[PDB]
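Residue numbers start from 1 in every chain, and the chains themselves are labelled A, B, ... in the order their sequence lines are given, proteins ahead of strands. Start at 1 and go down the list; that is how both ligands and their atoms are numbered. For the numbers below, each heavy atom of this structure counts, side chains included, while hydrogens, waters and symmetry mates do not.
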Amino acid sequence: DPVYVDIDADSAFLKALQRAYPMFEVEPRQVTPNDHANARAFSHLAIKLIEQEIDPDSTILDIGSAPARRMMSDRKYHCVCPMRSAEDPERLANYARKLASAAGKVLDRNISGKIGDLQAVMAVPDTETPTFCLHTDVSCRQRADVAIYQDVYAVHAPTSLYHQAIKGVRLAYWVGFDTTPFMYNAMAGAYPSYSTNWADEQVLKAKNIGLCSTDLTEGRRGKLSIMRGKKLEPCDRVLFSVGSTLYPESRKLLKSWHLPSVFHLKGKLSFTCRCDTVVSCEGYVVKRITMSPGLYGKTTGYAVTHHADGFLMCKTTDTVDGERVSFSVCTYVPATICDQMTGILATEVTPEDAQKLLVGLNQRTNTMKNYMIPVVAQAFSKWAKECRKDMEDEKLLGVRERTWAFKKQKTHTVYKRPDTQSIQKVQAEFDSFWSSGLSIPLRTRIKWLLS
Amino acid sequence: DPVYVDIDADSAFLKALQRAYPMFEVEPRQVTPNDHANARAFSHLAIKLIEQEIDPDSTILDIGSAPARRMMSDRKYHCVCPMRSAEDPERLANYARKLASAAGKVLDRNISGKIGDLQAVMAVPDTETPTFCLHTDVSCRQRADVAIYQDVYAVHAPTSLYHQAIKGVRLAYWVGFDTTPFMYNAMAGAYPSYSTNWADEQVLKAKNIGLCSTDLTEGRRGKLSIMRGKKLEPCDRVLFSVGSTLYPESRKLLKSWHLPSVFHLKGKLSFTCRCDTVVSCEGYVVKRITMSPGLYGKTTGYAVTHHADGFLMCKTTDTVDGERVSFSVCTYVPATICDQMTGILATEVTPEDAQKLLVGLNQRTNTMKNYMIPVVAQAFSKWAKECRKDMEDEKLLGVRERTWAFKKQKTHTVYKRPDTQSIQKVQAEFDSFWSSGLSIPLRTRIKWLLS
Amino acid sequence: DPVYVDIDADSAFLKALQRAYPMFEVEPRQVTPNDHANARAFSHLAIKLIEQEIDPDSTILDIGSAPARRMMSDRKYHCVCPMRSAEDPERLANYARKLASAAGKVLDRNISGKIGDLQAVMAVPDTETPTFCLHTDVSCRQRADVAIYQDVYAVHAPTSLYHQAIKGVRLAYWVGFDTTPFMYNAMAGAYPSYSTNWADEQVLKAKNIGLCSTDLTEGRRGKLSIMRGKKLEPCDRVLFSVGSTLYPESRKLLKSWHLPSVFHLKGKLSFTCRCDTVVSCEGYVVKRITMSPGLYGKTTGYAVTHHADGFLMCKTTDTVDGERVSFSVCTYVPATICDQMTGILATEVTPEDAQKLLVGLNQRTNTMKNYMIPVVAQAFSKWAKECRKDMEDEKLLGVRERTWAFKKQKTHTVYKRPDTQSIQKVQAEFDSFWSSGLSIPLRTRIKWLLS
Ligand SMILES: C[n+]1cn([C@@H]2O[C@H](COP(=O)(O)OP(=O)(O)OP(=O)(O)O)[C@@H](O)[C@H]2O)c2nc(N)[nH]c(=O)c21
Ligand SMILES: C[n+]1cn([C@@H]2O[C@H](COP(=O)(O)OP(=O)(O)OP(=O)(O)O)[C@@H](O)[C@H]2O)c2nc(N)[nH]c(=O)c21
Ligand SMILES: C[n+]1cn([C@@H]2O[C@H](COP(=O)(O)OP(=O)(O)OP(=O)(O)O)[C@@H](O)[C@H]2O)c2nc(N)[nH]c(=O)c21
Ligand SMILES: Nc1ncnc2c1ncn2[C@@H]1O[C@H](CSCC[C@H](N)C(=O)O)[C@@H](O)[C@H]1O
Ligand SMILES: Nc1ncnc2c1ncn2[C@@H]1O[C@H](CSCC[C@H](N)C(=O)O)[C@@H](O)[C@H]1O
Ligand SMILES: Nc1ncnc2c1ncn2[C@@H]1O[C@H](CSCC[C@H](N)C(=O)O)[C@@H](O)[C@H]1O
Ligand SMILES: [Mg+2]
Ligand SMILES: [Mg+2]
Ligand SMILES: [Mg+2]
Ligand SMILES: [Zn+2]
Ligand SMILES: [Zn+2]
Ligand SMILES: [Zn+2]
């Protein structure tokens, strides 16, 4: 009846968890000092909900699985495991160890069958078994009706979904960090409730952002090099830090999962699909996708995000490896603070006065993490100013003055308040869509572990 | 005896719901975190009331139905389902699944007959059954006495009503968002109690409205393009966001449902009709229409709206894709705030002082959503000013000075106070009024689901 | 069920210990006045956790052991003991004494076997026994599955790990002081919670750092020596003081244990490895390393540190042997103090006012040790100033001005706030990897002690 999560009983994240999963009874039971506890707790509850939603005797494809996390479940999982990351062999060895440990003490689960399939696959690397295989997403041959993607950021979404659809899958789920900041094309950012920071590779030698390192210096004027940098814009490669765990990512693949409300997959067979967000908690989301044969209706190409807390994007000035530059940074702000700043932002306010007001509101325990307070205070200060200028240059209704050129105004802050929506135009019609990789020493090690 | 709605027990919308449905006992019972909960609750109670109002052994046509929502009812529904939207196939599959799940556990409803009709229709796409068919509103052949339209915005109202009338229907209902803002021809707007925002397609790159997105820039003066925009007025296509769900709409079809108090349908057969509003709650309404054979009385062509809370329309200045422009926006204001601003608006007040007074009245929990407070403060400030000028240029009774031209004055705010009425002139006499579309893969899928 | 540590019942370090080991019940029981009690307590709890984590019937290699600390354990240890430090013979004699004392009173442990192996090794210095040998890390011949390094700072990490891996070891642990300050290349520093200070050999005659000594003088202007010092930068040799115990160290070997998240060992056999931090307490850490045969994935070469309290590096001015100079110093600051200085650092503050505010916050018992307060007050004062200048010289978005030279700015303070991360680039692919030393008088002494 109750669900247990490994967090401190005094934490303030438990209230947000209980608000996001009202159909469960959430109890804290802390056993480790893990520095990314909140993310693990959210993922655990998400899988509980998804299992509650679907029916038994249905076969489930787990794309890019970590098998040891599915071993005590009663449903029917087929784990797809290619070996492409440096962390995979340790996960496989953990699976074998946990299988061997519990082999005559637990008899409610297909333990003997799981062991048999693991040994069979170790014998011949190119066979499909009910519970385990060694292919990718586009070369597995098992047929199923449901697919699950959990923290998978390394595939192009439409191609992968088409290859699941032609095999009979009608329903899919995706669990992960919200993709909205990468649609606005920010240079660096934070997910403060989850102790997570991310940055573009070009700014890792900055000074005052969440993820960076630099040195002391006295400052020399020469630095004479004939190269022309002259231009600093975002590039493909990005670095993520979740607590103290590091992961590299690609902007193109992250953007590909920011799907519109309805879309068409037009291949040899054809499908009509829709995508909607069913859980949203302070930057972490769950998405549900359904797919149907044939072509119906028409598409517009728009994707919408609903903001329950505030979302901010702003321009900032820093030194990178000693040289002063400007670039854009993004973050999330709790709704109670946003509501309490409404009156103050009616006038022009300096950054230093906004900082003191925010500190006054925060400290009572803290509602929001202190290291982001300065950059927020700057952004609010600019936003207010840009509103006043708008009211002081009033235009005539229904008319654009384009004397034959028109001027563009400055914009240094974007601020989405609680209960507003972002909307962006993306592609909505798609028509353009194996070697073993295992080694004998690892096979011998796994065989030895099982026996 | 009590009705259950999926909302939080602490919400302030429950008081308004209880006020709008005094004949029921409304109890909150929350099971999901749905971000458009209030709209779903209002629709559920509306259907309960309509069923209470009419008598059994009457056959009901459900136009543009979602059949799974009618499956546990005891009345006799005929669901009209063409397949014209990208969301329809998923709704059909949900219907088949829910039918198969409950087939020997529920015996108070025509479950076996419903399954039989679904299979019969899948066999031959061009047959009418008691419970289900695949035609449009103007090509269904079933005869009935009542018709229901629930959240249907895609048909021209007089043509549809005439085609129901010539089949013997004498009573119809319509449930939906209030059409008044589109009669005033606003560019964008909000329904704040339902977490809903809407906008014209031409202003989706604005900065400070409910539904928009834009970018950071430094501002270049060139932007040299020889096109002459020169003119910015509303056009047909509009976008709606209900929580995080997106829907496109057409202005012409929305205006067509803003019907006068009495009207005539003059075809081969003739009818006399009247329309009145029976439920009104913070922007959501229920309308009741009766139709009778023959021609009686005379028409004027006026349609009236009664305001229980305040309604505002005003001019605002923003930047769209970097360029500064002006346009009109509309919203609703709670009656207690309107009553508490009566004394302050007797003098000239600046926008910045009005904003601080409104914040003082709001925060005690919030009576009204904070993101609309600035634009309201501006509107009130203009309205007061325009009243003072009127009192300072007094005319003579019963005389128009038209020396031979007359001048028109500025008008930047329209404000309808609680207990006033809007009135508009519209048309009141009308005299000017099929392929399958299903696919074999979907038919096979549905057949498989039923078995 | 409870674990006992030799600390005062009134100490404030017990709360931090209980926070870092939530799976235990920690009770204070003081028996000695030891001036490095906190470090010993942390090491004791770390070994308890590691033993809890792994399974029995596994053989454990203890690299650079002190055997008397393993004698009352139930697991199977093989202690590797070369004789390379001046403290080793006393540890060996203590082992022999404690073995002889308990030889018929304790029968749950392999006491008789331990004595037999000690005598056998004393007889022939070049034999391996289950419990004891006299080789180094790269010349021991025993085969095992787990390795442990406890307070070992004298080996090059990749070479040592490769030599364990080719013998079948799959899992290793490392316990020690955090290596982050030596990656930033500081000249001197402190670990204040553990009563520990360290310094470069060139600054041991300073005046106001943690570890130093100097003299009184009147000051003569001559000091004429023709040598050109002219340049003061860190060199390899460093001195550590833990309470009143002194240890010399090498910068190269300390840096070698600051390992990236994944790496490859490419020799005659090949391995893929990953490293992560599982316990972190105010400057003391535990690291866990896993190794697998074969080559999988790809590497980036980045190492990340997560900051739960604040970390500071700053420039300071002192006199060394009478001559005034400047150099860099580093330290740790508790999170509550950092959070309480957020509002004050929005403006420019002098060092003398920051010192008085910090004293006000500290004294209530002390949260932080007083001897570091002046140097912290200076650092904060500089950091604030450098932030203001950044906001006063704003650049254009996306552009570097390199008119053809660019200027570098001054940087006198680096400040990592709670919940941020450091990231550094290090090597991630490695492909480049005995005499007795005992004496007859010592052998005779040990033989006499055993009998
Ligand atoms: C695989 N993966 C996981 N995460 C997140 O980072 C956290 C670490 O995920 P993990 O896979 O490193 O956790 P592990 O299986 O080692 O078990 P644990 O250490 O006991 O939790 C997870 O909680 C995820 O939310 C991830 N985040 C990003 N950006 N990219 C990834 O590939 C990725
Ligand atoms: C079909 N439709 C529904 N709405 C409103 O938008 C909401 C979403 O309606 P929905 O049909 O998307 O809800 P669904 O059937 O998926 O079930 P739910 O997600 O569990 O509620 C409804 O509550 C309606 O009030 C709609 N609003 C507009 N503007 N246009 C539409 O066509 C339309
Ligand atoms: C062997 N060693 C130990 N330490 C730390 O310094 C402390 C003294 O370690 P110790 O080995 O001198 O303690 P001893 O075995 O004499 O027993 P005790 O005096 O009763 O505790 C330990 O608690 C370690 O944390 C050490 N610190 C450094 N820098 N270098 C070392 O080689 C080293
Ligand atoms: N094309 C592909 N098809 C299937 N899996 C892939 C893939 N490309 C990468 N992967 C796998 O995706 C995994 C992501 S990390 C593992 C995430 C896992 N589901 C969890 O919950 O912890 C990696 O193990 C990697 O091997
Ligand atoms: N001309 C027409 N006649 C009947 N239905 C139509 C129609 N044009 C569109 N529709 C249908 O109207 C529906 C509107 S969305 C479905 C609303 C449904 N009554 C509910 O309560 O959820 C779509 O399914 C669409 O297929
Ligand atoms: N190459 C090497 N291989 C194994 N041990 C070594 C070594 N070089 C130095 N050592 C040993 O490492 C020890 C470090 S001091 C002893 C630390 C001990 N593990 C404890 O907990 O107290 C010294 O005794 C020294 O003899
Ligand atoms: Mg981990
Ligand atoms: Mg929905
Ligand atoms: Mg000692
Ligand atoms: Zn497979
Ligand atoms: Zn019909
Ligand atoms: Zn040995």
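Between the side chains of A/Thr305 and A/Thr180, a donor-acceptor pair is found at a separation under 3.5 Å.
Ranking the protein heavy atoms by distance from atom 18 (P) of ligand 1 puts A/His36 NE2, 3.8 Å first. For atom 1 (C) of ligand 1, the closest non-hydrogen atom on the protein side is A/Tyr247 OH, 3.8 Å. The nearest protein atom to atom 15 (O) of ligand 1, hydrogens excluded, is given as A/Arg69 NH2, 2.7 Å; this is a heavy-atom distance. The nearest heavy-atom contact from the protein to atom 29 (N) of ligand 1 is A/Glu249 OE2, 3.1 Å.
Remark: the backbone N or O of A/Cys235 is paired with a side-chain donor or acceptor of A/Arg251 at under 3.5 angstrom. Listed for the A/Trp434 side chain is a donor-acceptor partner under 3.5 Å among the backbone atoms of A/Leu134. Remark: the backbone N or O of A/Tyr284 is not paired with any side-chain donor or acceptor of A/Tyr191 at under 3.5 angstrom. A distance-only check finds a donor-acceptor pair linking the side chain of A/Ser256 to the backbone of A/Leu253 [under 3.5 Å].
In this structure, the side chain to side chain donor-acceptor pair (under 3.5 Å) partners of A/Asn197, at least two apart in sequence or on a different chain, are A/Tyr371, C/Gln421.
Taking each of A/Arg91, A/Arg40, C/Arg274 in turn, the one with a heavy atom nearest to atom 22 (C) of ligand 1 proves to be A/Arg40.
Taking the Zn ion (ligand 12) as the corner point, the angle from C/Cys133 atom SG to C/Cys140 atom SG is about 130° (rounded to 10 degrees).
The nearest protein heavy atom to atom 12 (O) of ligand 1 is closer than 4.0 Å.
Relative ring orientation between A/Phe240 and A/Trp198 is described as parallel, the plane-to-plane angle staying below 30° on a 0-90° scale split at 30° and 60°. Taking the six-membered ring where the residue is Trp, A/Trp257 and A/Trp174 present parallel rings, their angle staying beneath 30° rather than reaching 60°.
Ion pairing between A/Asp62 and A/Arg70 holds under the 4.0 Å rule for side-chain N and carboxylate O.
Near A/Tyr284, meaning under 4.0 Å from one of its heavy atoms, ligand 1 places the atoms 25 (O). Distances below 4.0 Å separate heavy atoms of A/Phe240 from the following atoms of ligand 1: 29 (N).
The 12-atom threshold is not exceeded at NZ of A/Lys48, counting heavy atoms of other residues, nucleotides or ligands nearer than 6.0 Å.
Interatomic distance, CG of A/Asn38 versus CD of A/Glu282, reported as 9.0 Å (0.5 Å rounding).
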Mind listing the N or O contacts between ligand 4 and protein, cut-off under 3.5 Å?
unit_1   : atom_1 : unit_2   : atom_2 : d
ligand 4 : 1 (N)  : A/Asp137 : OD1    : 3.4
ligand 4 : 3 (N)  : A/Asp137 : N      : 3.1
ligand 4 : 19 (N) : A/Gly64  : O      : 2.9
ligand 4 : 19 (N) : A/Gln150 : O      : 3.1
ligand 4 : 22 (O) : A/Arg69  : NH2    : 3.1
ligand 4 : 24 (O) : A/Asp88  : OD1    : 2.7
ligand 4 : 26 (O) : A/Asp88  : OD2    : 3.1

Note to self: Could you go through A/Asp8 and A/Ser11, starting from their C-alpha distance and side-chain angles, then the distance that decides it, and tell me whether this counts as side chain to side chain donor-acceptor pair (under 3.5 Å)?
What the structure shows: CA-CA 6 Å; A/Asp8 196 304; A/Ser11 99; over 6 Å; no
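Taking 2.8 Å as the criterion, C/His78 counts as a coordinating residue of the Zn ion (ligand 12), since one of its N, O or S atoms falls below it.
If you look at A/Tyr153 next to ligand 1, the close heavy atoms, those under 4.0 Å, all belong to the side chain.
The nearest N/O/S atom of C/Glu128 to the Zn ion (ligand 12) is OE1.
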